[PDB]
Every structure is written in C-alpha cells, then in structure tokens.
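Next up, target-v9.txt (compact mmCIF, N, CA, C and O atoms):
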# COMPACT_ATOMS: atom_id res chain seq x y z
N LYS A 1 34.88 6.01 -30.00
CA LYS A 1 35.91 6.22 -31.01
C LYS A 1 35.90 7.62 -31.58
O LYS A 1 36.88 8.02 -32.22
N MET A 2 34.82 8.38 -31.38
CA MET A 2 34.71 9.75 -31.87
C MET A 2 35.09 10.79 -30.83
O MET A 2 35.16 11.97 -31.17
N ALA A 3 35.32 10.39 -29.58
CA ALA A 3 35.78 11.29 -28.54
C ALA A 3 37.27 11.21 -28.32
O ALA A 3 37.82 12.02 -27.56
N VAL A 4 37.95 10.26 -28.96
CA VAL A 4 39.38 10.11 -28.82
C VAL A 4 40.15 10.89 -29.87
O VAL A 4 41.29 11.30 -29.62
N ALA A 5 39.57 11.10 -31.05
CA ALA A 5 40.30 11.76 -32.13
C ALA A 5 40.33 13.27 -31.95
O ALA A 5 41.29 13.92 -32.38
N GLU A 6 39.30 13.85 -31.32
CA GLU A 6 39.25 15.28 -31.10
C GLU A 6 39.93 15.67 -29.80
O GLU A 6 40.78 16.57 -29.78
N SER A 7 39.56 15.01 -28.71
CA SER A 7 40.08 15.37 -27.40
C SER A 7 41.59 15.21 -27.33
O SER A 7 42.31 16.13 -26.93
N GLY A 8 42.08 14.03 -27.72
CA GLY A 8 43.50 13.75 -27.76
C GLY A 8 44.00 12.83 -26.67
O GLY A 8 45.18 12.46 -26.70
N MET A 9 43.16 12.46 -25.71
CA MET A 9 43.55 11.56 -24.63
C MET A 9 42.69 10.30 -24.64
O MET A 9 41.80 10.12 -25.48
N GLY A 10 42.97 9.44 -23.68
CA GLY A 10 42.16 8.27 -23.44
C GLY A 10 42.43 7.16 -24.43
O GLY A 10 42.84 7.38 -25.57
N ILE A 11 42.20 5.94 -23.96
CA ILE A 11 42.33 4.74 -24.78
C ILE A 11 40.94 4.30 -25.18
O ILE A 11 39.97 4.46 -24.43
N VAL A 12 40.84 3.71 -26.37
CA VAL A 12 39.56 3.30 -26.91
C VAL A 12 39.00 2.08 -26.21
O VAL A 12 37.80 1.82 -26.29
N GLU A 13 39.83 1.31 -25.52
CA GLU A 13 39.43 0.02 -24.99
C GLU A 13 38.76 0.13 -23.63
O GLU A 13 38.13 -0.85 -23.20
N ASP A 14 38.88 1.26 -22.95
CA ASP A 14 38.31 1.45 -21.63
C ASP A 14 37.07 2.34 -21.63
O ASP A 14 36.29 2.26 -20.68
N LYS A 15 36.88 3.16 -22.65
CA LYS A 15 35.66 3.94 -22.78
C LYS A 15 34.51 3.14 -23.39
O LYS A 15 33.48 3.72 -23.72
N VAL A 16 34.67 1.82 -23.53
CA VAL A 16 33.61 0.96 -24.04
C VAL A 16 32.97 0.16 -22.92
O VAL A 16 31.78 -0.17 -23.01
N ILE A 17 33.72 -0.17 -21.88
CA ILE A 17 33.19 -0.85 -20.71
C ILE A 17 32.95 0.14 -19.57
O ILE A 17 32.94 -0.25 -18.41
N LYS A 18 32.76 1.41 -19.90
CA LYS A 18 32.27 2.43 -19.00
C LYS A 18 31.01 3.09 -19.51
O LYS A 18 30.21 3.59 -18.71
N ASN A 19 30.80 3.10 -20.82
CA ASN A 19 29.57 3.56 -21.42
C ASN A 19 28.45 2.54 -21.32
O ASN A 19 27.29 2.90 -21.54
N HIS A 20 28.77 1.29 -21.01
CA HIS A 20 27.79 0.24 -20.83
C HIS A 20 27.43 0.01 -19.38
O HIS A 20 26.44 -0.65 -19.10
N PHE A 21 28.23 0.54 -18.45
CA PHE A 21 27.96 0.42 -17.03
C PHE A 21 27.11 1.56 -16.50
O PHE A 21 26.42 1.38 -15.50
N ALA A 22 27.16 2.72 -17.16
CA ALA A 22 26.32 3.86 -16.81
C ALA A 22 25.11 3.97 -17.72
O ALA A 22 24.60 5.06 -17.94
N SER A 23 24.67 2.85 -18.27
CA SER A 23 23.45 2.81 -19.05
C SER A 23 22.62 1.56 -18.83
O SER A 23 21.64 1.36 -19.55
N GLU A 24 23.00 0.69 -17.89
CA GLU A 24 22.15 -0.41 -17.47
C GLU A 24 22.07 -0.55 -15.96
O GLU A 24 21.17 -1.26 -15.49
N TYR A 25 22.97 0.06 -15.20
CA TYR A 25 22.71 0.25 -13.78
C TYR A 25 21.56 1.22 -13.57
O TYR A 25 20.81 1.10 -12.60
N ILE A 26 21.43 2.20 -14.47
CA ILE A 26 20.35 3.17 -14.41
C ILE A 26 19.07 2.67 -15.05
O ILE A 26 18.10 3.43 -15.14
N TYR A 27 19.04 1.43 -15.53
CA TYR A 27 17.81 0.72 -15.89
C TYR A 27 17.81 -0.64 -15.20
O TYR A 27 17.57 -1.69 -15.81
N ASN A 28 18.15 -0.66 -13.92
CA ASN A 28 17.94 -1.83 -13.10
C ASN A 28 17.45 -1.51 -11.70
O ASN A 28 17.15 -2.45 -10.96
N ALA A 29 17.39 -0.25 -11.30
CA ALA A 29 16.97 0.15 -9.97
C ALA A 29 15.88 1.19 -9.96
O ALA A 29 15.06 1.19 -9.04
N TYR A 30 15.85 2.09 -10.93
CA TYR A 30 14.82 3.10 -11.05
C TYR A 30 13.77 2.70 -12.08
O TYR A 30 13.20 3.53 -12.78
N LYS A 31 13.51 1.40 -12.17
CA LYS A 31 12.49 0.89 -13.08
C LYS A 31 11.10 1.01 -12.49
O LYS A 31 10.19 1.54 -13.14
N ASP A 32 10.92 0.52 -11.27
CA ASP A 32 9.63 0.54 -10.58
C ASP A 32 9.75 1.38 -9.31
O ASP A 32 9.89 0.87 -8.20
N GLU A 33 9.62 2.69 -9.50
CA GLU A 33 9.61 3.65 -8.40
C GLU A 33 8.67 4.77 -8.83
O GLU A 33 9.04 5.61 -9.65
N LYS A 34 7.47 4.77 -8.28
CA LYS A 34 6.40 5.63 -8.77
C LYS A 34 6.71 7.08 -8.47
O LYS A 34 6.88 7.45 -7.30
N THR A 35 6.81 7.90 -9.51
CA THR A 35 7.04 9.34 -9.38
C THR A 35 6.11 10.11 -10.30
O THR A 35 6.50 11.14 -10.86
N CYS A 36 4.89 9.62 -10.47
CA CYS A 36 3.92 10.28 -11.32
C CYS A 36 2.53 10.04 -10.75
O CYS A 36 2.23 8.95 -10.26
N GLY A 37 1.69 11.06 -10.84
CA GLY A 37 0.34 10.93 -10.35
C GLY A 37 0.26 10.76 -8.85
O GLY A 37 0.47 11.71 -8.09
N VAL A 38 -0.04 9.54 -8.41
CA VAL A 38 -0.30 9.23 -7.01
C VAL A 38 0.79 8.31 -6.50
O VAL A 38 1.20 7.38 -7.20
N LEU A 39 1.25 8.57 -5.28
CA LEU A 39 2.28 7.77 -4.63
C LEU A 39 1.68 6.78 -3.63
O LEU A 39 1.88 5.57 -3.76
N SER A 40 0.95 7.28 -2.64
CA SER A 40 0.43 6.48 -1.55
C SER A 40 -0.94 6.99 -1.15
O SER A 40 -1.37 8.06 -1.59
N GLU A 41 -1.62 6.22 -0.31
CA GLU A 41 -2.99 6.55 0.08
C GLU A 41 -3.31 5.87 1.41
O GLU A 41 -3.45 4.65 1.46
N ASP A 42 -3.42 6.67 2.47
CA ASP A 42 -3.88 6.21 3.77
C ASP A 42 -5.26 6.79 4.03
O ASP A 42 -5.46 8.00 3.89
N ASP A 43 -6.21 5.93 4.41
CA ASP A 43 -7.62 6.31 4.49
C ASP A 43 -8.20 6.10 5.89
O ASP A 43 -9.29 5.55 6.03
N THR A 44 -7.47 6.53 6.92
CA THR A 44 -8.06 6.63 8.25
C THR A 44 -8.91 7.88 8.37
O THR A 44 -9.94 7.87 9.05
N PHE A 45 -8.48 8.97 7.74
CA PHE A 45 -9.24 10.21 7.69
C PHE A 45 -9.25 10.85 6.31
O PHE A 45 -10.05 11.77 6.10
N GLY A 46 -8.40 10.43 5.38
CA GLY A 46 -8.38 10.95 4.03
C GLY A 46 -7.17 11.82 3.74
O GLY A 46 -7.16 13.01 4.09
N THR A 47 -6.16 11.25 3.10
CA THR A 47 -4.97 11.98 2.70
C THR A 47 -4.36 11.29 1.49
O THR A 47 -4.47 10.07 1.33
N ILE A 48 -3.71 12.08 0.64
CA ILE A 48 -2.96 11.57 -0.50
C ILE A 48 -1.76 12.48 -0.74
O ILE A 48 -1.67 13.58 -0.20
N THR A 49 -0.83 11.99 -1.56
CA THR A 49 0.54 12.49 -1.64
C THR A 49 0.98 12.67 -3.08
O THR A 49 1.99 12.11 -3.52
N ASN B 1 -32.07 -12.65 46.19
CA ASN B 1 -32.18 -12.27 44.79
C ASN B 1 -31.26 -11.11 44.46
O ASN B 1 -30.80 -10.41 45.35
N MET B 2 -30.98 -10.92 43.18
CA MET B 2 -30.09 -9.85 42.75
C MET B 2 -30.22 -9.64 41.25
O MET B 2 -30.15 -10.59 40.48
N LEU B 3 -30.40 -8.38 40.86
CA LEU B 3 -30.55 -7.99 39.47
C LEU B 3 -29.19 -7.70 38.85
O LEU B 3 -28.16 -7.76 39.53
N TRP B 4 -29.17 -7.41 37.56
CA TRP B 4 -27.91 -7.13 36.88
C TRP B 4 -28.13 -6.20 35.70
O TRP B 4 -29.25 -5.80 35.39
N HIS B 5 -27.01 -5.84 35.07
CA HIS B 5 -26.99 -4.95 33.92
C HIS B 5 -25.72 -5.29 33.14
O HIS B 5 -24.64 -4.83 33.52
N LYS B 6 -25.86 -6.07 32.09
CA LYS B 6 -24.75 -6.51 31.27
C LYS B 6 -24.89 -5.96 29.86
O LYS B 6 -26.00 -5.75 29.37
N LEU B 7 -23.75 -5.77 29.22
CA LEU B 7 -23.70 -5.15 27.91
C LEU B 7 -22.43 -5.60 27.23
O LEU B 7 -21.59 -6.27 27.84
N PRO B 8 -22.26 -5.26 25.98
CA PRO B 8 -20.97 -5.51 25.34
C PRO B 8 -19.89 -4.58 25.84
O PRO B 8 -20.13 -3.73 26.70
N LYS B 9 -18.71 -4.73 25.27
CA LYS B 9 -17.57 -3.92 25.66
C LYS B 9 -17.60 -2.55 25.01
O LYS B 9 -17.10 -1.59 25.59
N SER B 10 -18.14 -2.46 23.80
CA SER B 10 -17.98 -1.26 23.00
C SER B 10 -19.08 -1.17 21.96
O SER B 10 -19.45 -2.17 21.36
N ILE B 11 -19.59 0.04 21.77
CA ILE B 11 -20.55 0.33 20.72
C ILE B 11 -20.12 1.59 19.98
O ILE B 11 -20.45 2.71 20.40
N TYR B 12 -19.40 1.44 18.89
CA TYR B 12 -19.08 2.56 18.02
C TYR B 12 -20.28 2.91 17.16
O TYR B 12 -20.92 2.03 16.59
N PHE B 13 -20.59 4.21 17.07
CA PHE B 13 -21.71 4.65 16.26
C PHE B 13 -21.55 6.11 15.87
O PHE B 13 -21.25 6.95 16.72
N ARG B 14 -21.63 6.38 14.57
CA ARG B 14 -22.05 7.64 13.96
C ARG B 14 -21.92 7.45 12.45
O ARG B 14 -21.24 6.52 11.99
N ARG B 15 -22.56 8.33 11.70
CA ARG B 15 -22.45 8.36 10.25
C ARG B 15 -21.00 8.42 9.80
O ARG B 15 -20.31 9.41 10.03
N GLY B 16 -20.54 7.35 9.16
CA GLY B 16 -19.19 7.28 8.66
C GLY B 16 -18.24 6.63 9.64
O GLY B 16 -17.20 7.20 9.96
N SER B 17 -18.60 5.44 10.10
CA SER B 17 -17.91 4.78 11.20
C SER B 17 -17.42 3.37 10.89
O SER B 17 -16.74 2.78 11.73
N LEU B 18 -17.75 2.82 9.73
CA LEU B 18 -17.38 1.44 9.42
C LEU B 18 -15.93 1.29 8.98
O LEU B 18 -15.24 0.39 9.48
N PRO B 19 -15.39 2.11 8.06
CA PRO B 19 -14.00 1.90 7.64
C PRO B 19 -12.98 2.28 8.69
O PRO B 19 -11.82 1.89 8.57
N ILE B 20 -13.38 3.04 9.71
CA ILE B 20 -12.43 3.57 10.69
C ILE B 20 -12.30 2.64 11.88
O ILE B 20 -11.20 2.47 12.43
N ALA B 21 -13.40 2.02 12.31
CA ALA B 21 -13.32 1.07 13.41
C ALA B 21 -12.64 -0.21 12.98
O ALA B 21 -11.92 -0.83 13.76
N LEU B 22 -12.86 -0.62 11.74
CA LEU B 22 -12.26 -1.84 11.23
C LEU B 22 -10.74 -1.74 11.16
O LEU B 22 -10.07 -2.77 11.11
N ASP B 23 -10.20 -0.53 11.16
CA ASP B 23 -8.77 -0.36 11.31
C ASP B 23 -8.29 -0.82 12.68
O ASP B 23 -7.11 -1.14 12.83
N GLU B 24 -9.17 -0.86 13.67
CA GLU B 24 -8.80 -1.31 15.00
C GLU B 24 -8.61 -2.82 15.09
O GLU B 24 -7.90 -3.28 15.98
N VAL B 25 -9.23 -3.59 14.20
CA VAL B 25 -9.11 -5.04 14.22
C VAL B 25 -8.02 -5.54 13.28
O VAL B 25 -8.01 -6.71 12.91
N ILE B 26 -7.11 -4.66 12.85
CA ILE B 26 -5.92 -5.08 12.12
C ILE B 26 -4.66 -4.42 12.68
O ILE B 26 -3.54 -4.84 12.35
N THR B 27 -4.83 -3.39 13.51
CA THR B 27 -3.69 -2.89 14.28
C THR B 27 -3.35 -3.85 15.40
O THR B 27 -2.19 -3.93 15.83
N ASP B 28 -4.34 -4.59 15.90
CA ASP B 28 -4.11 -5.74 16.75
C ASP B 28 -3.85 -6.96 15.87
O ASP B 28 -4.13 -6.96 14.67
N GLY B 29 -3.30 -8.00 16.48
CA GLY B 29 -2.97 -9.18 15.72
C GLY B 29 -4.19 -9.98 15.31
O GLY B 29 -4.79 -10.67 16.14
N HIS B 30 -4.55 -9.90 14.04
CA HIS B 30 -5.66 -10.67 13.48
C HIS B 30 -5.36 -10.87 12.01
O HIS B 30 -5.27 -9.90 11.26
N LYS B 31 -5.24 -12.13 11.59
CA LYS B 31 -4.76 -12.48 10.26
C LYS B 31 -5.83 -13.08 9.36
O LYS B 31 -5.88 -12.75 8.18
N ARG B 32 -6.67 -13.96 9.89
CA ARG B 32 -7.66 -14.69 9.12
C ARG B 32 -9.06 -14.28 9.55
O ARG B 32 -9.29 -13.90 10.70
N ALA B 33 -10.00 -14.38 8.61
CA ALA B 33 -11.35 -13.88 8.82
C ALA B 33 -12.38 -14.84 8.26
O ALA B 33 -12.06 -15.81 7.56
N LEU B 34 -13.64 -14.54 8.58
CA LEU B 34 -14.80 -15.28 8.09
C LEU B 34 -16.00 -14.35 8.16
O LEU B 34 -16.08 -13.50 9.05
N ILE B 35 -16.91 -14.50 7.21
CA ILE B 35 -18.04 -13.60 7.04
C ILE B 35 -19.31 -14.42 6.86
O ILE B 35 -19.28 -15.52 6.31
N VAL B 36 -20.43 -13.88 7.34
CA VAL B 36 -21.76 -14.43 7.11
C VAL B 36 -22.60 -13.35 6.45
O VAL B 36 -22.45 -12.17 6.77
N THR B 37 -23.46 -13.76 5.52
CA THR B 37 -24.24 -12.81 4.75
C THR B 37 -25.41 -13.52 4.10
O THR B 37 -25.32 -14.70 3.75
N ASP B 38 -26.51 -12.79 3.95
CA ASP B 38 -27.67 -13.26 3.22
C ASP B 38 -27.36 -13.32 1.73
O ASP B 38 -26.36 -12.79 1.25
N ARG B 39 -28.25 -13.97 0.97
CA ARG B 39 -28.04 -14.07 -0.46
C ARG B 39 -28.39 -12.79 -1.19
O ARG B 39 -27.84 -12.52 -2.26
N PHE B 40 -29.30 -11.98 -0.63
CA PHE B 40 -29.62 -10.71 -1.26
C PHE B 40 -28.50 -9.69 -1.08
O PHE B 40 -28.35 -8.79 -1.92
N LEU B 41 -27.71 -9.83 -0.02
CA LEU B 41 -26.63 -8.90 0.29
C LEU B 41 -25.27 -9.42 -0.19
O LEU B 41 -24.24 -9.11 0.42
N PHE B 42 -25.26 -10.22 -1.24
CA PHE B 42 -24.02 -10.68 -1.87
C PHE B 42 -24.00 -10.44 -3.37
O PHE B 42 -22.93 -10.13 -3.91
N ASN B 43 -25.13 -10.57 -4.04
CA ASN B 43 -25.21 -10.25 -5.46
C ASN B 43 -25.23 -8.75 -5.71
O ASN B 43 -24.96 -8.32 -6.84
N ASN B 44 -25.54 -7.95 -4.70
CA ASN B 44 -25.43 -6.51 -4.75
C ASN B 44 -24.14 -6.09 -4.05
O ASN B 44 -23.35 -6.92 -3.60
N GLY B 45 -23.93 -4.78 -3.96
CA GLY B 45 -22.68 -4.24 -3.46
C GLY B 45 -22.65 -3.89 -1.98
O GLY B 45 -22.26 -2.77 -1.63
N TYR B 46 -23.04 -4.83 -1.10
CA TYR B 46 -22.95 -4.64 0.34
C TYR B 46 -22.03 -5.63 1.04
O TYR B 46 -21.80 -5.48 2.24
Just dump the structure as structure tokens.
Amino acid sequence: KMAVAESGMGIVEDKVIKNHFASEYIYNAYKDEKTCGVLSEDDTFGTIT
Amino acid sequence: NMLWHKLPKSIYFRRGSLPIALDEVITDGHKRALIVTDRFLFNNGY
C-alpha cells in the first residue's frame, strides 16, 4: 500500500499475492543445502571440499 | 605321489591398509555383515 501512492501505478490487490510467493518459495527449497564449512568427504586417499 | 602349494587369493599388506581395502568389499555387491571379536577387543576402541 506504500508503493502505490508514490509510484502511481499498480493495483493494491495483486501486489499482496506476489509478495507472499517470493518469500516462502525461497524458504522451502534452500532450507537444507549445506554452504558453510564442510560439504563432502571421501576417504579413499583423503580429500575435502 | 604329488605335492602342492595352495594359498589364498589375495594378501593386502602395508602400514595404512585397512580402510582402503574394505572399500573393495562395498564396491561389489555386499549388504549385510557379521563380526567376531574377543571381549577385550570390544570394551576398548578396536
């Protein structure tokens, strides 16, 4: 409701079911994907990633 | 009469050889296992 009064376009009823779709799809797939510290470990000869 | 010379199929040996050979018995199809051990070699870390 605060981006419609300044910008001058858009309807208020459609910017509400688009702000909720780009904030829970991005907390349903990148929840458990390790990107810190250690990723994997194969120990046939010794390597880490 | 006739003599012979029989042996196993394979003898892996050198310092640092246990975790690497055991990879060979899971790259082939083997799912279930069983172990035998003394009582002194179970309460410790062997």
- request: May I have all residues of stretch 2-33 of chain B that DSSP, computed from the backbone, assigns to helix (DSSP H, G or I), given as a count of residues only?
  value: 8
- request: Could you list, as a list in words, the residues of chain A having an atom within 10 Å of chain B when counting only C-alpha atoms?
  value: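 In the required form, that comes to residues 43, 44 and 45 of chain A.
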- prompt: How many Å lie between atom N of residue A:1 and atom C of residue A:15, rounded to one decimal?
  reply: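 Between atom N of residue A:1 and atom C of residue A:15 the gap is 7.2 Å.
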- request: Figure out the distance between atom C of residue A:46 and atom C of residue B:9, please, to one decimal in Å.
  value: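 Atom C of residue A:46 lies 27.7 Å from atom C of residue B:9.
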field: d(atom N of residue A:19, atom CA of residue A:34) in Å
entry: 27.3 Å
